[PDB]
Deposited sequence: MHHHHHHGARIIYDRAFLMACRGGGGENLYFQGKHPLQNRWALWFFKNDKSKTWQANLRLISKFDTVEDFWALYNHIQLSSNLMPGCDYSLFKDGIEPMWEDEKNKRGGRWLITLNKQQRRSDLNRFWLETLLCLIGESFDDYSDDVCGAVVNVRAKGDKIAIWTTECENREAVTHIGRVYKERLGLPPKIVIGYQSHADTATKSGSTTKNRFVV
């Protein structure tokens, strides 16, 4: 049966409990002097609650929020690039933060996102999750959960609705899901949402 942990349980393990999946933490800086492949660093992998927290504390203590960086947590064997076989037919639920929310909501929202991933918070639809990405940017931070198949409406919408609930966002505040094939095309200031919740 699926290994599922709620928020209370994961927090109680913080200072081994196996995860349903093994996960890989990646770092990317968009340094145009280097190829995208050189810019992409695997930091670490883990598959227990306790090893997640040890890595979290180490990255949080030893940390940077340099704009232009990205951190990504993805299931083992999935590259954090939309061209991966497990991402190319998929998309993302995107949370856009305003500049003030860098100080108030970024750390909390990112952590809540990470807990939804490792705790398998979306029931059978947790299998559709590929990973999550935070883009640290001067103009506004972005957090997203990447899923494998943009045509799996039931899976995608369940993920969005639960994610929204776990973030504690007001029902007024709507989140969009965008297919990666649409995000990849620059067609103006906005990318169309395939779904909203």
query: Parts of the chain sequence, as deposited, that carry no C-alpha coordinates in this structure; finding: 1-8, 24-33
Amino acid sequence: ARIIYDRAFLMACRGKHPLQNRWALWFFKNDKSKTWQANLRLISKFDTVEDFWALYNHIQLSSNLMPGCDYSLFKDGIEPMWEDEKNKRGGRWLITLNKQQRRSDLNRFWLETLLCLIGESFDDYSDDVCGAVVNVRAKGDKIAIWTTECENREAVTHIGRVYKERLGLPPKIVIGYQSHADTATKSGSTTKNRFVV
From here on, numbers count along this sequence of modelled residues.
item	value
Given 25-33 and 134-142, the range whose Cα B-factors average higher in the PDB entry	25-33
Given 62-70 and 159-167, the range whose Cα B-factors average higher in the PDB entry	62-70
Highest-ranked of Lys99, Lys88, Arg108, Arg92 once sorted by CA temperature factor in the record	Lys99
Third of chain Cα B-factors occupied by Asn39	highest
